[PDB]
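Undergrad: my_file_4.cif is reproduced below (mmCIF, N, CA and C atoms).
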data_final
#
loop_
_atom_site.label_atom_id
_atom_site.label_comp_id
_atom_site.auth_asym_id
_atom_site.auth_seq_id
_atom_site.Cartn_x
_atom_site.Cartn_y
_atom_site.Cartn_z
N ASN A 1 -97.59 41.48 21.93
CA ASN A 1 -97.22 42.77 21.36
C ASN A 1 -95.73 42.80 21.05
N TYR A 2 -95.39 43.20 19.83
CA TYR A 2 -94.01 43.31 19.39
C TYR A 2 -93.53 44.76 19.35
N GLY A 3 -94.27 45.67 19.97
CA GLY A 3 -93.86 47.06 20.05
C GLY A 3 -94.13 47.83 18.77
N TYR A 4 -93.68 49.08 18.79
CA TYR A 4 -93.84 49.96 17.63
C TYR A 4 -93.02 49.46 16.46
N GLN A 5 -93.61 49.49 15.27
CA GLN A 5 -92.94 49.05 14.04
C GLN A 5 -93.15 50.12 12.98
N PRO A 6 -92.08 50.73 12.46
CA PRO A 6 -92.24 51.74 11.41
C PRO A 6 -92.86 51.15 10.15
N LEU A 7 -93.64 51.98 9.46
CA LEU A 7 -94.38 51.54 8.28
C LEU A 7 -93.54 51.61 7.01
N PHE A 8 -92.93 52.77 6.73
CA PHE A 8 -92.21 52.97 5.49
C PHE A 8 -90.71 52.74 5.61
N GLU A 9 -90.18 52.61 6.82
CA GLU A 9 -88.75 52.40 6.98
C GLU A 9 -88.36 50.98 6.57
N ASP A 10 -87.17 50.86 5.99
CA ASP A 10 -86.65 49.56 5.58
C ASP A 10 -86.49 48.65 6.80
N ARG A 11 -86.77 47.37 6.61
CA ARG A 11 -86.69 46.40 7.71
C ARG A 11 -85.23 46.18 8.07
N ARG A 12 -84.84 46.65 9.24
CA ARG A 12 -83.49 46.53 9.76
C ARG A 12 -83.50 45.81 11.10
N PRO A 13 -82.43 45.09 11.45
CA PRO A 13 -82.32 44.58 12.81
C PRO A 13 -82.14 45.73 13.79
N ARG A 14 -82.84 45.65 14.92
CA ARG A 14 -82.84 46.75 15.87
C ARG A 14 -82.56 46.27 17.29
N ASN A 15 -82.94 45.04 17.60
CA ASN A 15 -82.85 44.51 18.96
C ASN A 15 -82.12 43.17 18.95
N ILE A 16 -81.84 42.67 20.15
CA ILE A 16 -81.19 41.37 20.30
C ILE A 16 -82.14 40.28 19.81
N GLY A 17 -81.62 39.37 18.99
CA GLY A 17 -82.41 38.31 18.41
C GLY A 17 -82.87 38.56 16.99
N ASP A 18 -82.69 39.77 16.48
CA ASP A 18 -83.07 40.07 15.11
C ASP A 18 -82.05 39.49 14.14
N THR A 19 -82.52 39.15 12.94
CA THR A 19 -81.71 38.48 11.94
C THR A 19 -81.28 39.45 10.85
N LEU A 20 -80.13 39.15 10.24
CA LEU A 20 -79.55 39.98 9.20
C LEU A 20 -78.78 39.10 8.23
N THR A 21 -78.89 39.41 6.94
CA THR A 21 -78.23 38.62 5.91
C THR A 21 -76.87 39.23 5.56
N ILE A 22 -75.82 38.43 5.69
CA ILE A 22 -74.46 38.82 5.34
C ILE A 22 -74.11 38.13 4.03
N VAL A 23 -73.75 38.92 3.03
CA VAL A 23 -73.25 38.41 1.76
C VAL A 23 -71.73 38.39 1.86
N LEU A 24 -71.17 37.21 2.08
CA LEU A 24 -69.73 37.05 2.19
C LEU A 24 -69.11 37.18 0.80
N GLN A 25 -68.38 38.27 0.58
CA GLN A 25 -67.68 38.51 -0.68
C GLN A 25 -66.33 39.13 -0.34
N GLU A 26 -65.32 38.28 -0.19
CA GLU A 26 -63.97 38.69 0.14
C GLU A 26 -63.04 38.39 -1.03
N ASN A 27 -62.20 39.37 -1.37
CA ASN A 27 -61.23 39.22 -2.46
C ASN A 27 -60.01 40.07 -2.08
N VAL A 28 -59.01 39.43 -1.49
CA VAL A 28 -57.80 40.11 -1.05
C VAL A 28 -56.61 39.49 -1.78
N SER A 29 -55.70 40.35 -2.26
CA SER A 29 -54.54 39.89 -3.01
C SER A 29 -53.41 40.89 -2.81
N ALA A 30 -52.31 40.44 -2.22
CA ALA A 30 -51.12 41.27 -2.03
C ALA A 30 -49.91 40.55 -2.59
N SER A 31 -48.95 41.34 -3.09
CA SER A 31 -47.75 40.78 -3.70
C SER A 31 -46.61 41.77 -3.55
N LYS A 32 -45.39 41.23 -3.51
CA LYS A 32 -44.18 42.04 -3.46
C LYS A 32 -43.04 41.23 -4.07
N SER A 33 -42.10 41.94 -4.69
CA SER A 33 -40.93 41.31 -5.28
C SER A 33 -39.82 42.34 -5.39
N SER A 34 -38.58 41.85 -5.35
CA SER A 34 -37.42 42.72 -5.47
C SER A 34 -36.23 41.90 -5.92
N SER A 35 -35.21 42.60 -6.41
CA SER A 35 -33.98 41.95 -6.86
C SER A 35 -32.86 42.98 -6.87
N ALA A 36 -31.63 42.48 -6.89
CA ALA A 36 -30.44 43.31 -6.96
C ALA A 36 -29.34 42.51 -7.64
N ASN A 37 -28.44 43.21 -8.33
CA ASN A 37 -27.34 42.55 -9.00
C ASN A 37 -26.17 43.51 -9.10
N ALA A 38 -24.98 42.93 -9.24
CA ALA A 38 -23.76 43.70 -9.44
C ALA A 38 -22.75 42.84 -10.17
N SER A 39 -22.03 43.46 -11.10
CA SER A 39 -21.06 42.72 -11.91
C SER A 39 -19.83 43.59 -12.14
N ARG A 40 -18.70 42.92 -12.32
CA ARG A 40 -17.43 43.60 -12.55
C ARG A 40 -16.52 42.66 -13.32
N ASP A 41 -16.03 43.10 -14.47
CA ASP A 41 -15.11 42.32 -15.29
C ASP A 41 -13.92 43.19 -15.66
N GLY A 42 -12.72 42.66 -15.45
CA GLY A 42 -11.52 43.40 -15.78
C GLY A 42 -10.45 42.55 -16.42
N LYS A 43 -9.94 42.97 -17.57
CA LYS A 43 -8.87 42.28 -18.27
C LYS A 43 -7.77 43.28 -18.60
N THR A 44 -6.52 42.87 -18.42
CA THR A 44 -5.39 43.74 -18.71
C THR A 44 -4.24 42.89 -19.24
N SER A 45 -3.49 43.45 -20.18
CA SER A 45 -2.38 42.72 -20.77
C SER A 45 -1.35 43.71 -21.30
N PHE A 46 -0.11 43.24 -21.39
CA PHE A 46 0.96 43.97 -22.05
C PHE A 46 2.01 42.97 -22.52
N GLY A 47 2.40 43.07 -23.78
CA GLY A 47 3.40 42.18 -24.33
C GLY A 47 4.36 42.87 -25.28
N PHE A 48 5.64 42.54 -25.16
CA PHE A 48 6.68 43.05 -26.05
C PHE A 48 7.13 41.88 -26.92
N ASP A 49 6.57 41.79 -28.13
CA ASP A 49 6.89 40.69 -29.03
C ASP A 49 8.32 40.80 -29.54
N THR A 50 8.70 41.98 -30.02
CA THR A 50 10.05 42.26 -30.49
C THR A 50 10.58 43.46 -29.72
N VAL A 51 11.70 43.28 -29.03
CA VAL A 51 12.29 44.32 -28.19
C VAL A 51 13.53 44.85 -28.89
N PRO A 52 13.62 46.14 -29.18
CA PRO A 52 14.85 46.70 -29.74
C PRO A 52 15.99 46.61 -28.74
N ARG A 53 17.22 46.69 -29.27
CA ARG A 53 18.40 46.45 -28.45
C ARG A 53 18.49 47.45 -27.30
N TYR A 54 18.29 48.73 -27.58
CA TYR A 54 18.42 49.76 -26.55
C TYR A 54 17.35 49.63 -25.47
N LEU A 55 16.31 48.84 -25.70
CA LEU A 55 15.28 48.59 -24.70
C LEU A 55 15.42 47.23 -24.04
N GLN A 56 16.38 46.41 -24.50
CA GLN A 56 16.48 45.03 -24.02
C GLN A 56 16.55 44.97 -22.50
N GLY A 57 17.49 45.72 -21.91
CA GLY A 57 17.68 45.68 -20.47
C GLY A 57 16.46 46.08 -19.68
N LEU A 58 15.52 46.79 -20.29
CA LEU A 58 14.28 47.15 -19.62
C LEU A 58 13.10 46.26 -19.99
N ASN B 1 -113.49 25.75 14.80
CA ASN B 1 -113.08 27.11 14.52
C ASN B 1 -111.56 27.21 14.49
N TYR B 2 -111.03 27.81 13.42
CA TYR B 2 -109.60 28.01 13.26
C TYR B 2 -109.18 29.45 13.54
N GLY B 3 -110.05 30.24 14.15
CA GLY B 3 -109.72 31.59 14.52
C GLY B 3 -109.79 32.56 13.36
N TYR B 4 -109.39 33.80 13.65
CA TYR B 4 -109.40 34.85 12.64
C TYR B 4 -108.36 34.56 11.57
N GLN B 5 -108.74 34.78 10.31
CA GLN B 5 -107.86 34.56 9.17
C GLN B 5 -107.91 35.79 8.27
N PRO B 6 -106.80 36.48 8.05
CA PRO B 6 -106.82 37.65 7.17
C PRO B 6 -107.19 37.26 5.74
N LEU B 7 -107.86 38.19 5.06
CA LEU B 7 -108.37 37.94 3.72
C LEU B 7 -107.33 38.23 2.64
N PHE B 8 -106.73 39.42 2.66
CA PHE B 8 -105.81 39.83 1.61
C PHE B 8 -104.34 39.60 1.96
N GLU B 9 -104.02 39.28 3.21
CA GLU B 9 -102.63 39.06 3.59
C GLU B 9 -102.13 37.74 3.03
N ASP B 10 -100.85 37.72 2.65
CA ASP B 10 -100.22 36.51 2.14
C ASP B 10 -100.23 35.42 3.21
N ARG B 11 -100.43 34.18 2.77
CA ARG B 11 -100.51 33.05 3.70
C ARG B 11 -99.12 32.78 4.27
N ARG B 12 -98.95 33.06 5.56
CA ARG B 12 -97.71 32.87 6.28
C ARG B 12 -97.92 31.94 7.46
N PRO B 13 -96.90 31.19 7.87
CA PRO B 13 -97.01 30.46 9.14
C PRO B 13 -97.04 31.44 10.30
N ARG B 14 -97.93 31.17 11.26
CA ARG B 14 -98.14 32.09 12.36
C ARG B 14 -98.09 31.39 13.72
N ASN B 15 -98.47 30.12 13.76
CA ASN B 15 -98.59 29.38 15.00
C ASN B 15 -97.81 28.07 14.91
N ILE B 16 -97.73 27.38 16.04
CA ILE B 16 -97.07 26.08 16.10
C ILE B 16 -97.87 25.08 15.28
N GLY B 17 -97.18 24.32 14.44
CA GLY B 17 -97.81 23.36 13.56
C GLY B 17 -98.03 23.83 12.14
N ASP B 18 -97.82 25.12 11.87
CA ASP B 18 -97.97 25.63 10.52
C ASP B 18 -96.77 25.23 9.66
N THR B 19 -97.02 25.08 8.36
CA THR B 19 -96.01 24.59 7.43
C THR B 19 -95.44 25.73 6.60
N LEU B 20 -94.20 25.55 6.16
CA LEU B 20 -93.47 26.55 5.39
C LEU B 20 -92.52 25.85 4.44
N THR B 21 -92.41 26.36 3.22
CA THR B 21 -91.56 25.76 2.20
C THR B 21 -90.19 26.43 2.21
N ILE B 22 -89.14 25.63 2.39
CA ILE B 22 -87.76 26.09 2.35
C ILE B 22 -87.16 25.63 1.03
N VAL B 23 -86.66 26.58 0.25
CA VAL B 23 -85.93 26.29 -0.98
C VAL B 23 -84.45 26.26 -0.61
N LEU B 24 -83.89 25.07 -0.49
CA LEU B 24 -82.48 24.91 -0.15
C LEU B 24 -81.65 25.27 -1.37
N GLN B 25 -80.93 26.39 -1.28
CA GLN B 25 -80.03 26.84 -2.35
C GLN B 25 -78.78 27.42 -1.68
N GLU B 26 -77.79 26.56 -1.49
CA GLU B 26 -76.53 26.93 -0.86
C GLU B 26 -75.40 26.83 -1.88
N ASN B 27 -74.55 27.86 -1.91
CA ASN B 27 -73.41 27.91 -2.82
C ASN B 27 -72.30 28.70 -2.10
N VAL B 28 -71.39 27.98 -1.46
CA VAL B 28 -70.30 28.59 -0.70
C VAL B 28 -68.99 28.12 -1.30
N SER B 29 -68.04 29.04 -1.47
CA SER B 29 -66.75 28.73 -2.06
C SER B 29 -65.72 29.70 -1.51
N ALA B 30 -64.71 29.17 -0.82
CA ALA B 30 -63.61 29.96 -0.29
C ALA B 30 -62.29 29.37 -0.74
N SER B 31 -61.30 30.23 -0.92
CA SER B 31 -59.99 29.80 -1.40
C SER B 31 -58.93 30.76 -0.89
N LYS B 32 -57.72 30.23 -0.72
CA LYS B 32 -56.57 31.03 -0.33
C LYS B 32 -55.31 30.35 -0.85
N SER B 33 -54.30 31.16 -1.17
CA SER B 33 -53.03 30.65 -1.64
C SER B 33 -51.95 31.69 -1.39
N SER B 34 -50.72 31.22 -1.20
CA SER B 34 -49.59 32.11 -0.98
C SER B 34 -48.31 31.38 -1.33
N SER B 35 -47.25 32.17 -1.52
CA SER B 35 -45.94 31.62 -1.84
C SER B 35 -44.87 32.65 -1.49
N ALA B 36 -43.64 32.17 -1.37
CA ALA B 36 -42.49 33.01 -1.10
C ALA B 36 -41.25 32.35 -1.69
N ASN B 37 -40.28 33.16 -2.09
CA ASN B 37 -39.05 32.63 -2.65
C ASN B 37 -37.92 33.61 -2.39
N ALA B 38 -36.70 33.07 -2.41
CA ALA B 38 -35.50 33.88 -2.26
C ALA B 38 -34.34 33.16 -2.93
N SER B 39 -33.50 33.93 -3.61
CA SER B 39 -32.38 33.34 -4.34
C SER B 39 -31.17 34.25 -4.21
N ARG B 40 -29.99 33.63 -4.30
CA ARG B 40 -28.73 34.36 -4.18
C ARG B 40 -27.66 33.56 -4.91
N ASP B 41 -27.00 34.19 -5.88
CA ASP B 41 -25.92 33.56 -6.63
C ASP B 41 -24.72 34.49 -6.65
N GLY B 42 -23.55 33.96 -6.31
CA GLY B 42 -22.35 34.76 -6.31
C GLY B 42 -21.15 34.03 -6.87
N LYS B 43 -20.47 34.64 -7.83
CA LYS B 43 -19.26 34.08 -8.43
C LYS B 43 -18.17 35.13 -8.40
N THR B 44 -16.95 34.71 -8.07
CA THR B 44 -15.82 35.63 -8.01
C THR B 44 -14.57 34.89 -8.46
N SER B 45 -13.69 35.60 -9.15
CA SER B 45 -12.46 35.00 -9.64
C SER B 45 -11.39 36.07 -9.82
N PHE B 46 -10.14 35.64 -9.76
CA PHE B 46 -9.00 36.48 -10.10
C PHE B 46 -7.85 35.58 -10.52
N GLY B 47 -7.25 35.88 -11.67
CA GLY B 47 -6.14 35.11 -12.17
C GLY B 47 -5.06 35.95 -12.81
N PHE B 48 -3.80 35.62 -12.52
CA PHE B 48 -2.64 36.28 -13.12
C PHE B 48 -2.01 35.27 -14.07
N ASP B 49 -2.35 35.38 -15.36
CA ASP B 49 -1.83 34.45 -16.35
C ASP B 49 -0.34 34.66 -16.58
N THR B 50 0.07 35.91 -16.79
CA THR B 50 1.47 36.27 -16.96
C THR B 50 1.81 37.34 -15.93
N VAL B 51 2.80 37.06 -15.09
CA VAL B 51 3.19 37.95 -14.00
C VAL B 51 4.52 38.60 -14.38
N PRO B 52 4.60 39.92 -14.44
CA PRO B 52 5.89 40.57 -14.68
C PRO B 52 6.84 40.34 -13.52
N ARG B 53 8.14 40.51 -13.81
CA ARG B 53 9.16 40.16 -12.83
C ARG B 53 9.02 40.95 -11.54
N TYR B 54 8.82 42.27 -11.65
CA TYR B 54 8.73 43.11 -10.46
C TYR B 54 7.50 42.79 -9.62
N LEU B 55 6.54 42.05 -10.15
CA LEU B 55 5.36 41.62 -9.41
C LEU B 55 5.45 40.17 -8.96
N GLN B 56 6.50 39.45 -9.36
CA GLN B 56 6.57 38.01 -9.10
C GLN B 56 6.38 37.70 -7.62
N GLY B 57 7.17 38.35 -6.76
CA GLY B 57 7.11 38.09 -5.34
C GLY B 57 5.76 38.33 -4.72
N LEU B 58 4.91 39.12 -5.36
CA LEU B 58 3.56 39.35 -4.88
C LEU B 58 2.50 38.53 -5.59
#
Is it possible to give me this structure as structure tokens?
TA:
Amino acid sequence: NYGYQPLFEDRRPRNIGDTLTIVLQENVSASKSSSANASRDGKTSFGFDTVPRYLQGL
Amino acid sequence: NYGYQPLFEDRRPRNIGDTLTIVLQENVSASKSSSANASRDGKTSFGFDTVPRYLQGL
């Protein structure tokens, strides 16, 4: 005797020793990315090509 | 005598010595991959091409 068995219920595992089908379908995907930047450019100039007389000493 | 045999039930193995057909159809495929990266670039410069007199000592 295997005990009471439901008639219309779907066949499910209920006790120790019962079998069950596992459909292994795994799809995992993780990603991450980052960046940082900094820039600085500086140019400066001053030139006196021709200096008038009253400015010579300066 | 081979005992009671159901008339309309599908022919299934029931006792020791009964035969059963196994259709071997296995298709298993697993995969994994990963990566990591890191980068760092740094450039710095300072130049005094022409130094005025009052700045010379510095």
Undergrad: Chain A superposed on chain B over all ordered C-alpha pairs, least squares: can you write that as a JSON list (two decimals) with N, CA and C atoms, in the frame of the given file?
TA:
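The result, stored in result-v6.json:
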[["chain", "number", "residue", "atom", "x", "y", "z"],
["A", 1, "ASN", "N", -113.49, 25.74, 14.80],
["A", 1, "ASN", "CA", -113.08, 27.11, 14.52],
["A", 1, "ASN", "C", -111.56, 27.21, 14.49],
["A", 2, "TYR", "N", -111.03, 27.81, 13.42],
["A", 2, "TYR", "CA", -109.60, 28.00, 13.26],
["A", 2, "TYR", "C", -109.18, 29.45, 13.54],
["A", 3, "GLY", "N", -110.05, 30.23, 14.15],
["A", 3, "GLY", "CA", -109.72, 31.60, 14.52],
["A", 3, "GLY", "C", -109.79, 32.56, 13.36],
["A", 4, "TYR", "N", -109.40, 33.80, 13.65],
["A", 4, "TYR", "CA", -109.39, 34.85, 12.64],
["A", 4, "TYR", "C", -108.36, 34.56, 11.57],
["A", 5, "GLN", "N", -108.74, 34.78, 10.31],
["A", 5, "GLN", "CA", -107.85, 34.55, 9.17],
["A", 5, "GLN", "C", -107.92, 35.78, 8.27],
["A", 6, "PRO", "N", -106.80, 36.48, 8.05],
["A", 6, "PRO", "CA", -106.81, 37.65, 7.17],
["A", 6, "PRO", "C", -107.18, 37.26, 5.74],
["A", 7, "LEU", "N", -107.86, 38.19, 5.06],
["A", 7, "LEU", "CA", -108.37, 37.94, 3.72],
["A", 7, "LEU", "C", -107.33, 38.23, 2.64],
["A", 8, "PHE", "N", -106.73, 39.42, 2.66],
["A", 8, "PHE", "CA", -105.81, 39.83, 1.62],
["A", 8, "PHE", "C", -104.35, 39.60, 1.96],
["A", 9, "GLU", "N", -104.03, 39.28, 3.21],
["A", 9, "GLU", "CA", -102.64, 39.06, 3.58],
["A", 9, "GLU", "C", -102.13, 37.73, 3.03],
["A", 10, "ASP", "N", -100.85, 37.72, 2.66],
["A", 10, "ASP", "CA", -100.22, 36.51, 2.14],
["A", 10, "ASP", "C", -100.24, 35.42, 3.21],
["A", 11, "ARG", "N", -100.43, 34.18, 2.77],
["A", 11, "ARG", "CA", -100.50, 33.05, 3.70],
["A", 11, "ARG", "C", -99.12, 32.79, 4.27],
["A", 12, "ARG", "N", -98.96, 33.06, 5.55],
["A", 12, "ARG", "CA", -97.71, 32.87, 6.28],
["A", 12, "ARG", "C", -97.92, 31.94, 7.46],
["A", 13, "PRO", "N", -96.90, 31.19, 7.88],
["A", 13, "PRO", "CA", -97.01, 30.46, 9.14],
["A", 13, "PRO", "C", -97.05, 31.44, 10.30],
["A", 14, "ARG", "N", -97.93, 31.17, 11.26],
["A", 14, "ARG", "CA", -98.14, 32.10, 12.36],
["A", 14, "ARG", "C", -98.09, 31.39, 13.72],
["A", 15, "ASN", "N", -98.47, 30.12, 13.75],
["A", 15, "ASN", "CA", -98.59, 29.38, 15.01],
["A", 15, "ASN", "C", -97.82, 28.07, 14.91],
["A", 16, "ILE", "N", -97.73, 27.38, 16.05],
["A", 16, "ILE", "CA", -97.06, 26.08, 16.10],
["A", 16, "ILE", "C", -97.87, 25.08, 15.28],
["A", 17, "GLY", "N", -97.18, 24.32, 14.43],
["A", 17, "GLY", "CA", -97.82, 23.36, 13.56],
["A", 17, "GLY", "C", -98.04, 23.83, 12.14],
["A", 18, "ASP", "N", -97.82, 25.11, 11.87],
["A", 18, "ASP", "CA", -97.97, 25.63, 10.52],
["A", 18, "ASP", "C", -96.77, 25.23, 9.66],
["A", 19, "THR", "N", -97.01, 25.08, 8.36],
["A", 19, "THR", "CA", -96.02, 24.59, 7.43],
["A", 19, "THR", "C", -95.45, 25.73, 6.60],
["A", 20, "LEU", "N", -94.20, 25.55, 6.16],
["A", 20, "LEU", "CA", -93.48, 26.55, 5.39],
["A", 20, "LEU", "C", -92.52, 25.85, 4.44],
["A", 21, "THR", "N", -92.42, 26.36, 3.22],
["A", 21, "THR", "CA", -91.56, 25.76, 2.21],
["A", 21, "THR", "C", -90.18, 26.43, 2.21],
["A", 22, "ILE", "N", -89.14, 25.63, 2.39],
["A", 22, "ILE", "CA", -87.76, 26.09, 2.35],
["A", 22, "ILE", "C", -87.16, 25.63, 1.03],
["A", 23, "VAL", "N", -86.66, 26.57, 0.25],
["A", 23, "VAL", "CA", -85.93, 26.29, -0.98],
["A", 23, "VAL", "C", -84.45, 26.27, -0.61],
["A", 24, "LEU", "N", -83.89, 25.07, -0.49],
["A", 24, "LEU", "CA", -82.49, 24.91, -0.15],
["A", 24, "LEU", "C", -81.64, 25.27, -1.37],
["A", 25, "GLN", "N", -80.93, 26.39, -1.28],
["A", 25, "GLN", "CA", -80.03, 26.84, -2.35],
["A", 25, "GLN", "C", -78.79, 27.41, -1.68],
["A", 26, "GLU", "N", -77.79, 26.56, -1.49],
["A", 26, "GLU", "CA", -76.53, 26.93, -0.86],
["A", 26, "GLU", "C", -75.40, 26.83, -1.88],
["A", 27, "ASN", "N", -74.55, 27.86, -1.91],
["A", 27, "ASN", "CA", -73.41, 27.91, -2.82],
["A", 27, "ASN", "C", -72.30, 28.70, -2.10],
["A", 28, "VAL", "N", -71.40, 27.98, -1.45],
["A", 28, "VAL", "CA", -70.31, 28.59, -0.70],
["A", 28, "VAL", "C", -68.99, 28.11, -1.30],
["A", 29, "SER", "N", -68.04, 29.05, -1.47],
["A", 29, "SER", "CA", -66.75, 28.73, -2.07],
["A", 29, "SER", "C", -65.71, 29.70, -1.51],
["A", 30, "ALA", "N", -64.72, 29.17, -0.82],
["A", 30, "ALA", "CA", -63.61, 29.97, -0.29],
["A", 30, "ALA", "C", -62.29, 29.36, -0.73],
["A", 31, "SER", "N", -61.29, 30.23, -0.92],
["A", 31, "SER", "CA", -59.99, 29.79, -1.39],
["A", 31, "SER", "C", -58.93, 30.76, -0.89],
["A", 32, "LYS", "N", -57.71, 30.23, -0.72],
["A", 32, "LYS", "CA", -56.56, 31.04, -0.33],
["A", 32, "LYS", "C", -55.30, 30.35, -0.85],
["A", 33, "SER", "N", -54.30, 31.16, -1.17],
["A", 33, "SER", "CA", -53.02, 30.65, -1.64],
["A", 33, "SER", "C", -51.95, 31.70, -1.38],
["A", 34, "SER", "N", -50.72, 31.22, -1.21],
["A", 34, "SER", "CA", -49.59, 32.11, -0.98],
["A", 34, "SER", "C", -48.31, 31.39, -1.34],
["A", 35, "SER", "N", -47.25, 32.17, -1.52],
["A", 35, "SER", "CA", -45.93, 31.61, -1.84],
["A", 35, "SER", "C", -44.87, 32.64, -1.49],
["A", 36, "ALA", "N", -43.64, 32.17, -1.37],
["A", 36, "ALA", "CA", -42.49, 33.01, -1.10],
["A", 36, "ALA", "C", -41.26, 32.35, -1.69],
["A", 37, "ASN", "N", -40.28, 33.16, -2.09],
["A", 37, "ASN", "CA", -39.05, 32.63, -2.65],
["A", 37, "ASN", "C", -37.92, 33.61, -2.39],
["A", 38, "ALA", "N", -36.70, 33.07, -2.41],
["A", 38, "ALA", "CA", -35.50, 33.87, -2.26],
["A", 38, "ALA", "C", -34.35, 33.16, -2.93],
["A", 39, "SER", "N", -33.50, 33.93, -3.61],
["A", 39, "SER", "CA", -32.38, 33.34, -4.34],
["A", 39, "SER", "C", -31.16, 34.25, -4.21],
["A", 40, "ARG", "N", -29.99, 33.63, -4.29],
["A", 40, "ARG", "CA", -28.73, 34.35, -4.18],
["A", 40, "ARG", "C", -27.66, 33.56, -4.92],
["A", 41, "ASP", "N", -27.00, 34.19, -5.88],
["A", 41, "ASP", "CA", -25.92, 33.57, -6.64],
["A", 41, "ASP", "C", -24.72, 34.50, -6.65],
["A", 42, "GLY", "N", -23.56, 33.95, -6.31],
["A", 42, "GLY", "CA", -22.35, 34.75, -6.30],
["A", 42, "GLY", "C", -21.15, 34.03, -6.87],
["A", 43, "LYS", "N", -20.47, 34.64, -7.83],
["A", 43, "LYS", "CA", -19.26, 34.08, -8.43],
["A", 43, "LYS", "C", -18.16, 35.13, -8.40],
["A", 44, "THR", "N", -16.95, 34.71, -8.07],
["A", 44, "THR", "CA", -15.82, 35.63, -8.01],
["A", 44, "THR", "C", -14.56, 34.89, -8.46],
["A", 45, "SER", "N", -13.69, 35.61, -9.15],
["A", 45, "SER", "CA", -12.46, 35.00, -9.64],
["A", 45, "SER", "C", -11.40, 36.07, -9.82],
["A", 46, "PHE", "N", -10.14, 35.64, -9.76],
["A", 46, "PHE", "CA", -9.00, 36.48, -10.10],
["A", 46, "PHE", "C", -7.85, 35.58, -10.53],
["A", 47, "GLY", "N", -7.25, 35.89, -11.67],
["A", 47, "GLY", "CA", -6.14, 35.11, -12.17],
["A", 47, "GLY", "C", -5.06, 35.96, -12.81],
["A", 48, "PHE", "N", -3.80, 35.62, -12.52],
["A", 48, "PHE", "CA", -2.65, 36.29, -13.12],
["A", 48, "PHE", "C", -2.01, 35.28, -14.07],
["A", 49, "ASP", "N", -2.35, 35.38, -15.36],
["A", 49, "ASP", "CA", -1.83, 34.45, -16.35],
["A", 49, "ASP", "C", -0.34, 34.66, -16.58],
["A", 50, "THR", "N", 0.07, 35.90, -16.79],
["A", 50, "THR", "CA", 1.47, 36.27, -16.96],
["A", 50, "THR", "C", 1.81, 37.33, -15.93],
["A", 51, "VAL", "N", 2.80, 37.05, -15.09],
["A", 51, "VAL", "CA", 3.19, 37.95, -14.00],
["A", 51, "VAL", "C", 4.51, 38.60, -14.38],
["A", 52, "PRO", "N", 4.60, 39.92, -14.44],
["A", 52, "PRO", "CA", 5.89, 40.58, -14.68],
["A", 52, "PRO", "C", 6.84, 40.34, -13.52],
["A", 53, "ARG", "N", 8.14, 40.52, -13.80],
["A", 53, "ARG", "CA", 9.17, 40.16, -12.84],
["A", 53, "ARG", "C", 9.02, 40.96, -11.54],
["A", 54, "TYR", "N", 8.82, 42.26, -11.65],
["A", 54, "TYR", "CA", 8.73, 43.11, -10.46],
["A", 54, "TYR", "C", 7.49, 42.80, -9.62],
["A", 55, "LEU", "N", 6.54, 42.04, -10.15],
["A", 55, "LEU", "CA", 5.36, 41.62, -9.40],
["A", 55, "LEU", "C", 5.44, 40.17, -8.95],
["A", 56, "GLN", "N", 6.50, 39.45, -9.36],
["A", 56, "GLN", "CA", 6.57, 38.01, -9.10],
["A", 56, "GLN", "C", 6.38, 37.70, -7.62],
["A", 57, "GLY", "N", 7.17, 38.36, -6.76],
["A", 57, "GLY", "CA", 7.11, 38.08, -5.34],
["A", 57, "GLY", "C", 5.76, 38.34, -4.72],
["A", 58, "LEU", "N", 4.91, 39.13, -5.37],
["A", 58, "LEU", "CA", 3.56, 39.36, -4.88],
["A", 58, "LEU", "C", 2.50, 38.53, -5.59]]
Undergrad: Please write the residues picked by the PyMOL selection byres ((chain B and name CA) within 9 of (chain A and name CA)) on this file as a compact mmCIF listing (two decimals) with N, CA and C atoms, in the frame of the given file.
TA:
# COMPACT_ATOMS: atom_id res chain seq x y z
N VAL B 28 -71.39 27.98 -1.46
CA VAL B 28 -70.30 28.59 -0.70
C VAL B 28 -68.99 28.12 -1.30
N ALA B 30 -64.71 29.17 -0.82
CA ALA B 30 -63.61 29.96 -0.29
C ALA B 30 -62.29 29.37 -0.74
N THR B 50 0.07 35.91 -16.79
CA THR B 50 1.47 36.27 -16.96
C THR B 50 1.81 37.34 -15.93
Undergrad: Would you mind reading off the distance between atom N of residue 52 of chain B and atom C of residue 51 of chain A, one decimal, in Å?
TA: 17.7 Å
Undergrad: Which residues are close to residue 48 of chain A, i.e. within 12 Å by only C-alpha atoms, leaving aside same-chain residues fewer than 5 positions away? Reply as a list in words.
TA: residues 55, 56 and 58 of chain A; 52 of chain B
Undergrad: How many Å separate atom CA of residue 15 of chain A from atom N of residue 2 of chain A?
TA: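 Atom-to-atom, atom CA of residue 15 of chain A to atom N of residue 2 of chain A, that is 12.6 Å.
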Undergrad: To one decimal in Å, tell me the separation between atom N of residue 8 of chain A and atom CA of residue 16 of chain B.
TA: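 One can read the atom N of residue 8 of chain A to atom CA of residue 16 of chain B distance as 28.6 Å.
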Undergrad: Return the padded bounding box of segment 24-37 of chain B as JSON: axis-aligned, built from all atoms listed in the file, 8 Å added on each side, with centre and edge lengths in Å to one decimal.
TA:
{"center_x": -60.9, "center_y": 29.3, "center_z": -1.5, "size_x": 62.0, "size_y": 24.7, "size_z": 18.7}
